[PDB]
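Structure, as structure tokens:
A note on names: the letters A, B, ... follow the listed sequences, proteins ahead of strands, and every chain is numbered from 1.
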Amino acid sequence: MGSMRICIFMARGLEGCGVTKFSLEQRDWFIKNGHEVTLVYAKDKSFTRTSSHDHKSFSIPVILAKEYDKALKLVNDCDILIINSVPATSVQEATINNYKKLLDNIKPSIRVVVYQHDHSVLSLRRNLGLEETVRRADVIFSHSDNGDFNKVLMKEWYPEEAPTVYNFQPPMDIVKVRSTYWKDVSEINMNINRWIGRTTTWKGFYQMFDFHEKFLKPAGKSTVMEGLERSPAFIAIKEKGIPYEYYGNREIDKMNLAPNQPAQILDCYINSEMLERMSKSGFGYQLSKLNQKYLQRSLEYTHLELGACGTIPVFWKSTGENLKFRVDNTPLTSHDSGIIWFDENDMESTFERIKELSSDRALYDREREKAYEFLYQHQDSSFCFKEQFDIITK
DNA sequence: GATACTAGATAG
Ligand SMILES: O=c1ccn([C@@H]2O[C@H](COP(=O)(O)OP(=O)(O)O[C@H]3O[C@H](CO)[C@@H](O)[C@H](O)[C@H]3O)[C@@H](O)[C@H]2O)c(=O)[nH]1
């Protein structure tokens with residue numbers, strides 16, 4: 001019921017993945033709804049995927065370790081301070097020290113909002129100041145009431161009344177993407193299967209490799225996996241002697257899209273570039289197989305980008321089973337969504353589906369629309385940020 | 001003790 005000043009703060013730094021995407025998507029919504037916004041991030045630690053999204057023209061970097069004043073001056077110039085990430089466990093005494101001093105000098109007329117974007121305790125543990133950050137917050141959000149942040153970490157800090165933790169969904173303006181990359185069914189290459197994600201076990205990269213060597217490759221299809229970095233978690237792909245063809249983001253045009261080829265792995269990607277390639281690929285894959293406890297209503301940005309750019313979304317079954325439609329709590333697998341639920345113990349019925357859609361384009365374009373409208377209903381900004389804006393205000 | 005989950009050093 002009035003225009004406010006917002007400061008989005010990422011103390012971990014600008015990593016270029018989910019948290020960075022949420023902030024940018026948060027900034028756009030606030031701006032579109034009449035509010036002034038400033039996006040601030042700590043550059044004490046740097047990241048590879050720092051340019052995946054375009055923020056360079058408006059984001060404001062700051063070195064907490066040696067710019068406390070500018071930092072304090074920025075975080076105090078708003079009505080709502082939203083912290084999406086906290087210093088990592090490797091920043092250096094000065095950084096985590098000044099960040100803690102910042103939380104002690106945020107004027108009284110500022111409502112501090114804290115979003116916890118991680119899932120597993122293992123990730124939650126690599127945070128510094130997360131406890132102080134949470135106690136200073138006037139509002140807290142998490143991906144699941146039954147996730148680790150809620151059931152374990154909030155138990156360690158509040159064994160005199162524990163703050164409420166509201167649930168949220170990482171929203172995105174789906175229409176902007178569609179209206180920008182969607183293509184006519186004729187421009188799509190039904191033989192290019194494109195997987196996107198990062199090198200982490202719950203991201204289902206293994207099953208994509210398996211699915212390619214056993215179904216797509218043998219059938220003349222081509223597979224591209226975008227976003228795999230040789231993180232330590234990559235050693236396992238070495239031990240498992242899994243066939244592949246790595247490509248740096250510079251030599252993308254030397255990638256071989258012909259049949260009878262191993263999984264073509266792309267290092268890391270620029271988000272707008274990936275969407276363009278995806279909007280012209282027959283099927284996009286996002287096999288996140290997170291566990292029941294961590295799943296409530298939150299789909300991931302990689303999930304939403306697939307629906308939004310005009311491809312046929314191929315997600316992990318269990319995921320769509322545990323998650324619930326935002327409109328009526330019903331499982332995502334209970335709707336005629338057009339989505340193709342991936343079954344690990346039945347990759348043949350999955351492949352068969354892809355084959356059908358691969359033959360007649362009428363049904364294909366009939367399934368996109370249903371998938372798009374379904375993902376729109378479930379997680380577009382228009383709805384989700386308004387839900388959060390209301391919890392933050394009242 | 002089995003098992004998920006979590007880019008860096010350095011030279012051009
Ligand atoms: O090299 C890359 C890799 C990813 N992306 C993009 O980065 C975002 C990644 O977000 P998401 O798909 O959510 O994956 P995570 O990086 O795992 O995001 C984390 O943060 C999100 C915000 O809440 C949560 O939804 C996730 O579960 C959590 O893992 C997407 O827009 C991707 O298109 C790029 O542009 N380039």
Side-chain angles (χ1 to χ4, degrees), chain A residues 10-22 41-53 84-92 95-96 116-130 142-144 146-153 156 170 195-210 225-240 242 244-251 263 265-271 274 286-296 298 300-303 316-319 321-322 342 344-345:
Chain A
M10 295 182 278
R12 178 186 177 192
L14 200 145
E15 26 66 74
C17 300
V19 173
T20 289
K21 177 60 171 179
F22 173 79
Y41 71 103
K43 62 187 304 183
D44 305 38
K45 174 177 189 174
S46 188
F47 301 77
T48 328
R49 343 187 72 149
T50 173
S51 308
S52 293
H53 310 79
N84 292 302
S85 63
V86 301
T89 192
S90 66
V91 290
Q92 97 199 69
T95 295
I96 178 62
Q116 173 45 67
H117 299 280
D118 298 333
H119 301 295
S120 176
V121 176
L122 285 68
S123 273
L124 300 178
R125 293 290 171 184
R126 295 199 183 181
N127 279 149
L128 295 175
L130 183 52
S142 73
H143 284 296
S144 173
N146 290 292
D148 288 347
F149 179 78
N150 287 52
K151 300 310 182 190
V152 23
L153 280 195
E156 290 185 357
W195 178 98
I196 59 182
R198 298 184 290 122
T199 305
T200 199
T201 52
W202 52 278
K203 234 70 184 186
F205 57 98
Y206 276 141
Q207 0 294 90
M208 189 67 205
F209 276 132
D210 193 1
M225 290 179 77
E226 299 196 23
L228 264 206
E229 73 300 321
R230 283 171 280 183
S231 198
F234 188 86
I235 55 87
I237 280 53
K238 322 285 286 188
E239 299 183 300
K240 296 202 171 191
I242 290 176
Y244 76 66
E245 206 85 354
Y246 212 89
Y247 288 71
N249 200 188
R250 289 257 305 195
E251 54 273 56
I265 309 305
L266 181 53
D267 189 7
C268 88
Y269 62 85
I270 290 193
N271 190 271
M274 179 282 277
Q286 209 277 23
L287 279 46
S288 291
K289 52 189 183 179
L290 222 49
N291 179 288
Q292 167 77 42
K293 72 206 284 190
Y294 302 119
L295 300 174
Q296 193 159 320
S298 283
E300 280 158 89
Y301 286 106
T302 33
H303 287 292
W316 189 264
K317 199 193 181 179
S318 78
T319 289
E321 284 169 341
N322 309 156
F342 198 97
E344 192 179 11
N345 290 135

Subject >> For chain A, the stretch of DNA chain B it reaches, first to last nucleotide, under 4.0 Å of its heavy atoms >> reply: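 Answer, 5' to 3': B:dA4 to B:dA7.
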Original post:
More than 12 non-hydrogen atoms from neighbouring residues, nucleotides or ligands closer than 6.0 Å to NZ on A:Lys289, yes or no?
Top reply: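 Result for NZ/A:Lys289: enclosed.
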**OP:** Please tell me if the side chains of A:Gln116 and A:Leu124 come closer than 4.5 Å, counting only heavy atoms from C-beta onward.
**Re:**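 Yes, at least one pair of side-chain atoms sits under 4.5 Å.
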**OP:** Could you tell me whether A:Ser120 contacts a base, only the sugar-phosphate backbone, or nothing, with contacts defined as non-hydrogen atoms closer than 4.0 Å?
**Re:**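 Since only primed, P, OP1 and OP2 atoms lie under 4.0 Å of A:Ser120, the category is sugar-phosphate.
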Original post:
Pairs in or reaching into residues 120-129 of chain A: which pass side-chain hydrogen bond (donor to acceptor under 3.5 Å, both in side chains), with residues at least two apart or in two chains?
Top reply: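 Those involving residues 120-129 of chain A are A:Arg125-A:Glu156.
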Original post:
Hey, does the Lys NZ or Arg CZ of A:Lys240 hover above the aromatic six-ring of A:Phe209, less than 6.0 Å from the centre and inside 45° of the axis?
Top reply: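 Because its charged atom misses either the 6.0 Å distance or the 45° angle limit, A:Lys240 does not stack over A:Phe209.
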Original post:
Excluding sequence neighbours, so at least two apart, what forms side chain to side chain contact (heavy atoms under 4.5 Å, CB included) with A:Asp267?
Top reply: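 Result, side chain to side chain contact (heavy atoms under 4.5 Å, CB included) vs A:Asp267: A:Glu229, A:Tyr246.
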